[PDB]
Amino acid sequence: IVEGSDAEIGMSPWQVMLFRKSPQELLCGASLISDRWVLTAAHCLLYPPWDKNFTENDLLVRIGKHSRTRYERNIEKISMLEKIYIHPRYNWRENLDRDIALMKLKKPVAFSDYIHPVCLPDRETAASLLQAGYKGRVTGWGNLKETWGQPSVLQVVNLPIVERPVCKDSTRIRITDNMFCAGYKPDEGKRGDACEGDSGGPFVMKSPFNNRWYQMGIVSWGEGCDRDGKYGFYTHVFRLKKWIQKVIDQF
Amino acid sequence: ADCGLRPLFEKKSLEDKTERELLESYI
Amino acid sequence: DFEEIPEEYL
Ligand SMILES: CC[C@@H]1[C@@H]2[C@H](C(=O)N1Cc1ccc3c(c1)OCO3)[C@H](c1ccc(C(=N)N)cc1)N(C)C2(C)C
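Chains as they are written, first to last, in the numbering used here: chain F, -10 to 240; chain D, 98 to 124; chain Y, 90 to 99.
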């Protein structure tokens, strides 16, 4: 996260760390959506051009964290993966369309002050909140700068959803209805973006109607980080919710 | 469900330092 | 720089 701020304790209790076992490193962010299911971006687990194809046994999920590198004894919980499910129509060839994946955990994770699931939007949540100018929240342990460092604790930044033509006009990549983009325009002066290591983490919004946090987006892609005239792109969770339900209902 | 209600904010009626920025943008 | 995790987890 670039031009973000240190998160508060328990501010993002659905935040998940995807952690590679060996060599031990941060893989991506992710989200807790119930006691045995984690939501992330497909490209975190499968990206053939770079020969990325992680199996269940290649990683762990870490829940309840605040500190990036510390093992947070008595706070964080670490779970093993039972099975990974990638959207079968995820388009890794062209544009990361349908950049979404689920992971089922071996055992249910116990909720705590630090561990708690986020809600998923329904049609009206989406219709009500996913409007240009409405701000959402992105969190992660990724890079603080496009090039140079890394944070000691979880970072947070709030960013406004952007008009679809402006999103369109900022990139040569073909944009689909299953993506949205968020961020400040050069005129606004305020800054912020996701960056390397933030992938797969949540874009959330707090409904003013019921005071709950909903995950509207998944950090998907962009070009560099916090560049002027560029915007972060996010997977449209509500648009892929039929698949999410399908998988959870089936498995 | 209790989804989306944080034990250390919503459940105890505490606000974090920047959620109002969000609220303020929802028209 | 990642602190070692309890062996069990791995
Ligand atoms: C593995 C994909 C990588 C991913 C992804 C990112 O953007 N990628 C490049 C990309 C983008 C569009 C594409 C594509 C690949 O193939 C088809 O369309 C990601 C990324 C995510 C968000 C942002 C940003 N908000 N500025 C910045 C970066 N990166 C940190 C990588 C892990 C390298």
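Quick reminder that beta carbons are idealized off the backbone N, C-alpha and C, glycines included.
Kindly give me the distance between the Cβ atoms of residue i and residue j, rounded to whole angstroms, as I take these residues to be in contact under 8 Å.
i: residue 119/F; j: residue 205/F; result: 6 Å
i: residue 209/F; j: residue 85/F; result: 6 Å
i: residue 241/F; j: residue 217/F; result: The structure shown does not extend to residue 241/F, since chain F spans only -10 to 240, so no value can be given for it.
i: residue 235/F; j: residue 159/F; result: Their Cβ separation, rounded to whole angstroms, is 32 Å, which puts residue 235/F and residue 159/F out of contact at 8 Å.
i: residue 125/F; j: residue 194/F; result: 5 Å
i: residue 88/F; j: residue 19/F; result: Not a contact, Cβ separation roughly 13 Å.
i: residue 112/F; j: residue 100/D; result: Contact flag wrong, Cβ pair sits at about 17 Å.
i: residue 180/F; j: residue 173/F; result: 6 Å
i: residue 93/Y; j: residue 60/F; result: 7 Å
i: residue 182/F; j: residue 138/F; result: About 16 Å separates the two Cβ atoms, so there is no contact after all.
i: residue 102/D; j: residue 108/D; result: 5 Å
i: residue 90/F; j: residue 33/F; result: 7 Å
i: residue 130/F; j: residue 15/F; result: 6 Å
With DSSP as the reference, identify every bridge partner of residue i, one or two as the case may be.
i: residue 224/F; result: 168/F, 207/F
i: residue 202/F; result: 195/F
i: residue 8/F; result: 15/F, 49/F
i: residue 91/F; result: 28/F, 74/F
i: residue 182/F; result: -9/F
i: residue 108/F; result: 203/F
i: residue 66/F; result: 52/F
i: residue 42/F; result: 35/F
i: residue 86/F; result: 80/F
In the DSSP assignment, find the beta strand (DSSP E) that holds residue i and state where it starts and stops.
i: residue 14/F; result: 14 to 21
i: residue 146/F; result: 144 to 149
i: residue 26/F; result: 26 to 29
i: residue 125/F; result: 124 to 129
Could you give the first and the last residue of the continuous alpha helix (DSSP H) run that contains residue i?
i: residue 121/D; result: 116 to 122
i: residue 107/D; result: Element bounds for residue 107/D: n/a, residue is neither H nor E.
i: residue 237/F; result: 230 to 239
i: residue 155/F; result: 153 to 157
i: residue 112/F; result: 112 to 118
Meets three-Cβ-pair contact criterion under 8 Å: the stretch 111 to 123 of chain D and the stretch 22 to 39 of chain F
no
What residues in the stretch 45 to 70 of chain F bring their beta carbon closer than 7 Å to a beta carbon of chain Y?
49, 58, 59, 60, 67
Do the stretch 48 to 62 of chain F and the stretch -3 to 11 of chain F touch if we need at least three Cβ pairs shorter than 8 Å?
yes
Can you give me, in chain order, the residues of the stretch 199 to 213 of chain F that have a beta carbon less than 7 Å from any beta carbon in chain D?
200, 201, 202, 203
Would you be able to state if there are at least three C-beta pairs under 8 Å between the stretch 144 to 157 of chain F and the stretch 91 to 108 of chain F?
no
Per the contact definition of three or more C-beta pairs closer than 8 Å, is the stretch 174 to 193 of chain F in contact with the stretch -9 to 2 of chain F?
yes
Specify whether the stretch 225 to 240 of chain F and the stretch 165 to 180 of chain F touch according to this definition: at least 3 beta carbon pairs, one from each stretch, less than 8 Å apart.
yes
Output needed in chain order: residues of the stretch 1 to 12 of chain F with a Cβ under 7 Å from some Cβ in chain Y.
10
Mind checking the stretch 160 to 186 of chain F against chain Y and listing, in chain order, the residues whose C-beta falls within less than 9 Å of any C-beta there?
none
Members of the stretch 116 to 127 of chain F near chain D, C-beta cut-off 9 Å
117, 118, 120, 122, 123, 124, 125, 126
Taking a cut of 7 Å between CB atoms, which residues from the stretch 102 to 113 of chain F lie near chain D?
102, 105, 106, 107, 108
Looking at chain D, which residues of the stretch 73 to 101 of chain F have a Cβ within less than 9 Å of any of its Cβ atoms?
100, 101
Contact list for the stretch 135 to 158 of chain F against chain D, Cβ threshold 8 Å
145, 147, 149
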